[PDB]
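**Student:** What follows is a single structure, and I will ask about it in a moment.
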Amino acid sequence: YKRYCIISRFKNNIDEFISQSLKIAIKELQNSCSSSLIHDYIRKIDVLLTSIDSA
């Protein structure tokens, strides 16, 4: 229900903590409707993850 936005926000705070990244690749991929229904700050929140992944 409303937990699809919470767990995405829970994975957003957990991906900022940095194999283990391969399980993180499952959280970052397979977009069916979560990368279509969601807000305007979540787009730059995805940019903060890959730049942190660039380190």
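Note on naming: chains are A, B, ... as they come in the structure tokens, residues start from 1 per chain, ligands start from 1 in the order shown.
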Could you pull the residues within 12 Å of residue 55 in chain A, counting only C-alpha atoms, minus those fewer than 5 positions along the same chain, as a ChimeraX atom specification?
**Tutor:** /A:16,18,48-50
**Student:** Deliver the residues from the most recent selection as a file, using C-alpha atoms, as a short mmCIF file (atom, residue, chain, number, x, y, z; two decimals), in the first residue's frame.
**Tutor:**
data_model
loop_
_atom_site.label_atom_id
_atom_site.label_comp_id
_atom_site.auth_asym_id
_atom_site.auth_seq_id
_atom_site.Cartn_x
_atom_site.Cartn_y
_atom_site.Cartn_z
CA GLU A 16 23.89 6.24 1.49
CA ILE A 18 28.59 3.46 1.42
CA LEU A 48 23.21 11.30 -5.00
CA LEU A 49 23.44 7.50 -4.95
CA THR A 50 25.43 7.01 -8.16
#
**Student:** Apply DSSP to the structure's backbone, then extract all residues of chain A labelled alpha helix (DSSP H) and return them as a ChimeraX atom specification.
**Tutor:** /A:3-14,20-28,34-37,42-53
**Student:** Go ahead and save the residues from that selection, with N, CA, C and O atoms, as a compact mmCIF listing (two decimals), in the first residue's frame.
**Tutor:**
# COMPACT_ATOMS: atom_id res chain seq x y z
N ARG A 3 3.57 1.36 1.95
CA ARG A 3 4.91 0.90 2.29
C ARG A 3 5.83 0.81 1.08
O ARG A 3 7.04 0.65 1.26
N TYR A 4 5.29 0.91 -0.14
CA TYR A 4 6.14 0.91 -1.32
C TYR A 4 6.94 2.20 -1.43
O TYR A 4 8.04 2.22 -1.98
N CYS A 5 6.39 3.30 -0.90
CA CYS A 5 7.14 4.55 -0.87
C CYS A 5 8.05 4.62 0.35
O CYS A 5 9.07 5.31 0.32
N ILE A 6 7.70 3.91 1.43
CA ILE A 6 8.53 3.92 2.62
C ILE A 6 9.78 3.07 2.44
O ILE A 6 10.88 3.49 2.79
N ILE A 7 9.62 1.87 1.88
CA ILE A 7 10.76 0.99 1.65
C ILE A 7 11.69 1.54 0.58
O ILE A 7 12.90 1.28 0.62
N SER A 8 11.15 2.28 -0.39
CA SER A 8 12.00 3.00 -1.33
C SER A 8 12.74 4.13 -0.63
O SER A 8 13.91 4.41 -0.94
N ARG A 9 12.08 4.79 0.33
CA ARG A 9 12.78 5.78 1.14
C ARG A 9 13.67 5.12 2.19
O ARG A 9 14.61 5.75 2.68
N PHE A 10 13.39 3.86 2.54
CA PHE A 10 14.28 3.13 3.43
C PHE A 10 15.51 2.64 2.69
O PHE A 10 16.60 2.58 3.26
N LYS A 11 15.35 2.27 1.41
CA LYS A 11 16.50 1.93 0.60
C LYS A 11 17.29 3.16 0.19
O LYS A 11 18.48 3.06 -0.12
N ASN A 12 16.65 4.33 0.18
CA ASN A 12 17.35 5.57 -0.14
C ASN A 12 18.29 5.98 0.99
O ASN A 12 19.37 6.51 0.73
N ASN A 13 17.88 5.75 2.23
CA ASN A 13 18.75 6.07 3.36
C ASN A 13 19.79 4.98 3.60
O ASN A 13 20.84 5.26 4.19
N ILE A 14 19.52 3.75 3.17
CA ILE A 14 20.46 2.66 3.34
C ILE A 14 21.52 2.59 2.25
O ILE A 14 22.62 2.09 2.50
N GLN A 20 27.97 -7.04 -1.44
CA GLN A 20 26.86 -6.32 -0.82
C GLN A 20 26.23 -5.32 -1.78
O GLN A 20 25.03 -5.05 -1.71
N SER A 21 27.03 -4.75 -2.68
CA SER A 21 26.50 -3.83 -3.69
C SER A 21 25.70 -4.57 -4.76
O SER A 21 24.88 -3.95 -5.44
N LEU A 22 25.94 -5.87 -4.93
CA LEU A 22 25.16 -6.65 -5.89
C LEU A 22 23.73 -6.83 -5.40
O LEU A 22 22.79 -6.83 -6.21
N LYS A 23 23.54 -6.98 -4.09
CA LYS A 23 22.19 -6.96 -3.53
C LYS A 23 21.61 -5.55 -3.56
O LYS A 23 20.38 -5.39 -3.61
N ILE A 24 22.47 -4.53 -3.53
CA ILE A 24 22.00 -3.16 -3.69
C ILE A 24 21.59 -2.89 -5.14
O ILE A 24 20.76 -2.01 -5.40
N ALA A 25 22.16 -3.64 -6.08
CA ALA A 25 21.77 -3.50 -7.48
C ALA A 25 20.37 -4.02 -7.73
O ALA A 25 19.70 -3.58 -8.66
N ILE A 26 19.91 -4.97 -6.91
CA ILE A 26 18.53 -5.43 -7.00
C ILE A 26 17.56 -4.35 -6.51
O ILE A 26 16.44 -4.24 -7.02
N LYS A 27 17.98 -3.56 -5.52
CA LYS A 27 17.14 -2.48 -5.04
C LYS A 27 17.12 -1.30 -6.00
O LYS A 27 16.13 -0.57 -6.08
N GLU A 28 18.21 -1.10 -6.75
CA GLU A 28 18.32 0.04 -7.65
C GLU A 28 17.73 -0.24 -9.02
O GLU A 28 17.60 0.68 -9.83
N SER A 34 7.55 1.96 -9.80
CA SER A 34 8.11 2.80 -8.75
C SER A 34 8.93 3.96 -9.30
O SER A 34 9.01 5.00 -8.65
N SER A 35 9.53 3.80 -10.48
CA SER A 35 10.20 4.91 -11.14
C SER A 35 9.31 5.61 -12.15
O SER A 35 9.82 6.28 -13.05
N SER A 36 8.00 5.47 -12.01
CA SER A 36 7.02 6.22 -12.79
C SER A 36 6.05 6.99 -11.92
O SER A 36 5.70 8.13 -12.25
N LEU A 37 5.60 6.41 -10.80
CA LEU A 37 4.74 7.12 -9.87
C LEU A 37 5.53 8.03 -8.94
O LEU A 37 4.95 8.95 -8.35
N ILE A 42 13.13 13.01 -5.56
CA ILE A 42 13.62 11.64 -5.65
C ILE A 42 14.52 11.45 -6.87
O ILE A 42 15.33 10.52 -6.90
N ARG A 43 14.39 12.32 -7.88
CA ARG A 43 15.25 12.24 -9.05
C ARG A 43 16.68 12.62 -8.71
O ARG A 43 17.63 11.92 -9.09
N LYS A 44 16.86 13.72 -7.98
CA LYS A 44 18.20 14.10 -7.53
C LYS A 44 18.68 13.21 -6.39
O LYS A 44 19.88 13.13 -6.13
N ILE A 45 17.75 12.55 -5.69
CA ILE A 45 18.14 11.57 -4.68
C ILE A 45 18.76 10.34 -5.33
O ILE A 45 19.61 9.67 -4.74
N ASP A 46 18.33 10.02 -6.56
CA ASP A 46 18.99 8.95 -7.31
C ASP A 46 20.35 9.39 -7.82
O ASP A 46 21.26 8.56 -7.96
N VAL A 47 20.52 10.69 -8.10
CA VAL A 47 21.82 11.20 -8.54
C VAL A 47 22.81 11.21 -7.39
O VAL A 47 24.03 11.12 -7.61
N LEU A 48 22.32 11.32 -6.15
CA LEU A 48 23.21 11.30 -5.00
C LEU A 48 23.74 9.89 -4.73
O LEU A 48 24.79 9.73 -4.11
N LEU A 49 23.01 8.87 -5.19
CA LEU A 49 23.44 7.50 -4.95
C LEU A 49 24.55 7.08 -5.90
O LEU A 49 25.52 6.44 -5.48
N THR A 50 24.43 7.43 -7.18
CA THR A 50 25.43 7.01 -8.16
C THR A 50 26.73 7.79 -8.00
O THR A 50 27.81 7.24 -8.25
N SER A 51 26.64 9.06 -7.61
CA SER A 51 27.85 9.82 -7.29
C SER A 51 28.53 9.28 -6.04
O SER A 51 29.77 9.30 -5.96
N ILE A 52 27.76 8.79 -5.07
CA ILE A 52 28.34 8.08 -3.95
C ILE A 52 28.86 6.71 -4.38
O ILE A 52 29.85 6.22 -3.84
N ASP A 53 28.20 6.10 -5.37
CA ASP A 53 28.70 4.85 -5.93
C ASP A 53 29.93 5.07 -6.81
O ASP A 53 30.67 4.12 -7.06
